[PDB]
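Worth knowing before you read on, the calculation uses all heavy atoms, side chains too, and leaves out hydrogens, waters and symmetry mates. Order of the sequence lines fixes the chain letters, A, B, ..., with proteins taken first and strands second; residue numbering starts at 1 for each chain. Counting convention: from 1, in listed order, for ligands and their atoms alike.
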Amino acid sequence: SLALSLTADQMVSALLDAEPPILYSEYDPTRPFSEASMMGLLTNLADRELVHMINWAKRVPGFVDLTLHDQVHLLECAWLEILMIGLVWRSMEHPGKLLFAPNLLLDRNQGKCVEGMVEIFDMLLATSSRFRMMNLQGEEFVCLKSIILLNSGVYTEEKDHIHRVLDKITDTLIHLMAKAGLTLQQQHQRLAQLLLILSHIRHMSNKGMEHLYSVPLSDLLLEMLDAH
Amino acid sequence: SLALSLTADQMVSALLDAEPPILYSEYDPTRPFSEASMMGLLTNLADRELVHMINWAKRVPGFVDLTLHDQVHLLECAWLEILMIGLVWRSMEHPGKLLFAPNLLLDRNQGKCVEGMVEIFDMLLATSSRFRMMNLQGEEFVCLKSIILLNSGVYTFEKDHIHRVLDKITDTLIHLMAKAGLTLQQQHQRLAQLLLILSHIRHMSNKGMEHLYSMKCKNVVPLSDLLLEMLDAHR
Amino acid sequence: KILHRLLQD
Amino acid sequence: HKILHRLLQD
Ligand SMILES: O=S(=O)([C@@H]1C[C@@H]2O[C@H]1C(c1ccc(O)cc1)=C2c1ccc(O)cc1)N(CC(F)(F)F)c1ccc(Cl)cc1
């Protein structure tokens, strides 16, 4: 209800303020490097990121209006997509590389250190390339990330309240683009371009899980997984 | 590319004219269904639908402009999504049911036939429900289906060409909405609503490919060489 | 579920 | 090779 009264500038302000921090990995450049150890680092990182994501989600306008049940479902559905879009965002200024952490920058080399992760790696790289090409803005990014949270589990009422919040975020994206000087035609085109990328992010998340079920996992990650 | 020169009305007319026909299921076996007979019917239907899909795709403006290899890639990526959005579309005026063919209308009770088809069944039903409540129009549907064809494989690769065509279809969707009388806010809002449903259609396809892959290994029904090739591309 | 404790905290 | 190619060419 508080979400529906926000102006677009206030929505952007709220999302920006809610942003989680960028976490460090335990990567040691001296330390030698195994399939298991690489996955170990990433698992350690993702697990800590999940904690922040959970508390970030509570700050996404509209999210606290849902039952504990529905909050759990949305996060279970979206968490990998959300980690992935975060990764693609912070990797934008690093062509050909993925910035998993400020002290963990990899190209598709040691992505092959894990069986099949190279496939996901290339897809993540392509997404980062696409964001870079479009010159994706921070304000646009936080909008997209919130959309993923609200949308990915929505098709498995408060489902309509979620659609109204989603509509608000759409309004906010358009407002941002109008301010950047885009013509109305250019606004609709860019909006579509951004949302179609969300189909690819869903694709990447699904392919990731499939490879997973084909690694060490924290108890929190395990709870999330056998939600898929 | 001729596709960029088309007007919005011309684009719509071209897409409508390109629509494949609605095929019938084999009229045997009939209800009730086993997992074998169910998959047999659906596999047979899907295989024949694929042939029409290929001829539909070569008629989507901009598609013929791509190299043969890029054409193959897009169809390999999108084919199940395209079959699914088609299914959801023709199931719209049959709430609670899926119209696989005019003589093959199924409910979720028949979905438990070959688990986990019931999970995908429910996802398809939900999508149909959403389209119906949104009063999705045929002109909007053909735009969405063409977007799926061009977009679903574009980042697994001129990509600029495909993106210009995609923009053209966005222009066409808005054009359709504006003349339906929607306000500027309603316009971008419905555009977003429709495109977000595409991420769910992607999700359904992914889960569906897994299932078909398991069926291949379970060897419950012999798959066509064409279907195997479309499937193998996702392995 | 740990997710509950974190969501409820 | 792939059947799809053939179906695409004709
Ligand atoms: O999708 S994967 O590539 C995944 C994506 C990327 O690399 C893998 C991975 C990752 C995630 C969790 C984890 O326990 C280990 C690794 C990534 C990651 C992304 C963003 C981020 O902030 C942190 C980590 N993957 C498949 C694999 F197993 F082959 F690697 C994957 C999928 C699910 C889970 Cl739970 C773990 C890994």
Once you round to the nearest 0.5 Å, how far does [atom1] of [X] lie from [atom2] of [Y]?
| X | Y | atom1 | atom2 | answer |
| --- | --- | --- | --- | --- |
| B:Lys58 | B:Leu75 | NZ | CG | 10.0 Å |
| A:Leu87 | A:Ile22 | CG | CD1 | 10.5 Å |
| A:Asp167 | A:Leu4 | CG | CG | 9.5 Å |

Legend entry - Within-cut-off N or O pair, A:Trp79 and ligand 1, under 3.5 Å: no
Inset, instruction - Output yes when the distance from some N or O of ligand 1 to some N or O of A:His211 is under 3.5 Å, and no in every other case. - result: no
Residue portion contacting ligand 1 (non-hydrogen atoms closer than 4.0 Å) for [X]:
| X | value |
| --- | --- |
| A:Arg90 | side chain |
| A:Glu49 | side chain |
| A:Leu225 | side chain |
| A:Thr43 | both |

Find all atoms of ligand 1 within a distance of less than 4.0 Å from any non-hydrogen atom belonging to [X], and give their numbers and elements.
| X | result |
| --- | --- |
| A:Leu221 | 14 (O) |
| A:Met84 | 1 (O), 5 (C) |
| A:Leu42 | 15 (C), 16 (C) |
| A:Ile120 | 1 (O), 3 (O) |
| A:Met39 | 15 (C), 16 (C), 30 (F) |

Legend entry - Charged N-O contact under 4.0 Å between B:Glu229 and B:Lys216: no
Legend entry - Ionic contact status for A:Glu19 with A:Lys145, cut-off 4.0 Å: yes
Inset, instruction - Write down the atom of A:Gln186, the atom of A:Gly181, and the distance for their closest heavy-atom approach. - result: OE1-O, 4.3 Å
Inset, instruction - Kindly assign one of parallel, tilted or perpendicular to the pair B:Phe141 and B:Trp89, based on the angle between their ring planes and the thresholds 30° and 60°. - result: parallel
Legend entry - Nearest neighbour of atom 35 (Cl) of ligand 1 from the list A:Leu106, A:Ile85, A:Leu212, on a heavy-atom basis: A:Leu212
Inset, instruction - Dump the intermediate steps for salt bridge (charged side-chain N to carboxylate O under 4.0 Å, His left out) on A:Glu140 and A:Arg190, then the final yes or no. - result: CA-CA 11 Å; A:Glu140 297 177 316; A:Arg190 187 176 180 81; 2.7 Å; yes
